[PDB]
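Next comes just one chain, in structure tokens: the form deposited without the named molecule.
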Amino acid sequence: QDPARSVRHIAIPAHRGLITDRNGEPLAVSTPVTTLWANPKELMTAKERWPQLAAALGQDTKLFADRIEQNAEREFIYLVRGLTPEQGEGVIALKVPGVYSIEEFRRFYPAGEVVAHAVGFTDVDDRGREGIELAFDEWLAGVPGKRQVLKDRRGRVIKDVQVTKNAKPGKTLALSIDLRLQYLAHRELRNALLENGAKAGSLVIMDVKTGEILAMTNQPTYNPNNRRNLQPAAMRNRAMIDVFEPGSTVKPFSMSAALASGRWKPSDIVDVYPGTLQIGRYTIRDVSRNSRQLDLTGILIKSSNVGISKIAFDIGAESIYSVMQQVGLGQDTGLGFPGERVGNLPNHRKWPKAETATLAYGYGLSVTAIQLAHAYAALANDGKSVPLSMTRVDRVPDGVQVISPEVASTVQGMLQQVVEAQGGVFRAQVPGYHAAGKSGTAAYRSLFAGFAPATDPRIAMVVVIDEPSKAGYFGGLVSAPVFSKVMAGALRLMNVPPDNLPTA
């Protein structure tokens, strides 16, 4: 016979660590629940109790009975996982022979859909599946304990023996996300999609000095507390997973290389007439073709592919590739989110003219919205690229000085003109502040990337609107007004003073 007594092991689930926003607002909270297990050998002695037990478990009478009967020779099965503690005590109070309980936890997400992708969610086993819950799973999960119970020959629990290993609680995590800014970004991106009839979109806000991600929202979104019917489209963390060719939004990096070469200054003029440039078989074409001479700021205002290409041929692709690589376009962010996409930054030993030109005006490389925002953050932070963080930064790390402060300041002023000057991106203007930025077109994505205050930058932001299909309230670039609204609120939520003084 089997021994009259045996010492069996039961895991002790650990309490998963609290996730908060940067201000301590709870974002993911472990909630006590009760799991019930049973010894079928004992249940088989108390069959008249089964229907009441099945009812208390929310299970069908006959499906429940079938399950016990088919497991009659086992000494352990789960009856139900994750009942409320109240529902649990109700089941336990039936006093059915062979019914036992385990204290576990399940997550609740107080901000729900507002921060769905960034926070992510746990699986049925309380394990991180998406977002920060996934990226920091080991930190948040801790380590289960193990305890021993004395059982008899038929698996009846006689008593607790001891705990052999205590559970190590999961550890707390404060995100860089500011829920105040995340709500503003979530609301405005949702409104922009509705008014533009768009498929999807993303918005990222970064602190340019600290590398912190202050907001990251995508549409569609979902309620992580109720995923019954959640469609895969909604679950996608587009800001980190969708790659696209950034188009004219990378011209400022080409310009930074031009100004660093020693060969170009902002007042220089390039003749871009007639809005095309033939290089062998290939023709470089501007979208708008109403220009002849443009200064360097003009090339940006007009999104002149021709103009930036002539500059690129003069300075060489290598110098542009170097800046783009160093600011992180097509490069690992270091954020450690499994499944994050890196995109691609093409390299060559001998750069063909077509590849040089297209790199310079943003085709042939592919990036994510996070990378684009980090790149603009370096430009905004006087050329210093601080590593990205999704967690609160108290001690600011050194950044790599990727662009000289002087070149960065010059480009900031050019991008301020892109927003402010006649012919520029009118609806990107941020009332009460000077803002700086650049539009582009990634079945298209509308892109806007920028920062503010333009003369002393604090915040960088990228807006991506995927496949707009309906006319919005304002004309012009679809993503521009979203930048305007979100930047206006974010700057004020952060108490950033206006930089548009009357000449002081």
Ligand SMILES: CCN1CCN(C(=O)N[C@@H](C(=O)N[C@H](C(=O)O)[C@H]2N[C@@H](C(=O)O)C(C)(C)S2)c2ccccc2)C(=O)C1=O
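Only the largest set of C-alpha atoms that superpose within 1.5 Å between the two forms is called the rigid core. The numbering used is simple: start at 1 and walk along the sequence shown.
In the comparison with other entries of the same protein, residue 40 is given coordinates in all of those covering both sides of it, so it never reaches the one-third threshold.
Compared against other deposited entries of this protein, residue 473 counts as often unmodelled, lacking coordinates in at least a third of those that resolve the residues around it. Coordinates are lacking for 10 or more deposited residues between residue 442 and residue 443. Comparing 467-475 with 39-47, the higher mean C-alpha B-factor in the PDB entry belongs to 467-475. For the segment pair 406-414 and 206-214, the entry gives 406-414 the higher mean B-factor, averaged over Cα atoms.
For the set 160, 268, 318, 133, the PDB entry assigns the largest Cα B-factor to 160. Residue set 238, 146, 186, 348: peak C-alpha B-factor at 146 (per PDB entry). Residue 13: CA B factor in the highest third of modelled residues in this chain (values from the PDB entry). Residue 397: CA B factor in the middle third of modelled residues in this chain (values from the PDB entry). Among the modelled residues of its chain, residue 224 has a C-alpha B-factor that falls in the middle third according to the deposited record. In the PDB entry, a CA B factor belonging to the middle third of its chain's modelled residues is recorded for residue 385. The entry lists a Cα temperature factor for residue 29 that places it in the middle third of the chain's modelled residues.
The following text describes the form deposited with the named molecule bound, which does not appear among the structures shown.
For the chain shown alone, residue 248 is a contact residue for the named molecule in the entry with it bound, at least one non-hydrogen atom being within 4.5 angstroms.
Contact between residue 37 and the named molecule in the entry with it bound is not found at the 4.5 Å heavy atom cutoff. Although the partner is absent here, residue 305 lies within 4.5 Å of the named molecule in the entry with it bound, judged by heavy atoms. Remark: residue 440 counts among the residues lining the named molecule in the entry with it bound, judged by a heavy atom distance of 4.5 Å or less.
Screening 32, 475, 51, 26 for any heavy atom within 4.5 Å of the named molecule in the entry with it bound leaves a single hit, 475. Of the candidate stretches 117-125, 149-157, 192-200, 297-305, only 297-305 has residues with heavy atoms within 4.5 Å of the named molecule in the entry with it bound. Looking at the named molecule in the entry with it bound, residues 358, 361 and 444 each place a heavy atom within 4.5 Å of it. Core superposition between the shown form and the other one leaves every listed residue (429, 176, 356, 87) with a C-alpha shift below 2 angstroms except 87.
After superposition on the rigid core, the Cα atom of residue 252 is displaced by less than 2 Å between the shown form and the other one. Comparing the forms between the shown form and the other one, the C-alpha position of residue 164 differs by 2 angstroms or more, with the core used for superposition. With the core superposed, residue 148 shows a C-alpha displacement of at least 2 Å between the shown form and the other one. Legend note: Cα of residue 462 to Cα of residue 474 is at least 3 Å closer in the entry with it bound than in the depicted form. Legend note: Cα of residue 415 to Cα of residue 474 is at least 3 Å closer in the entry with it bound than in the depicted form.
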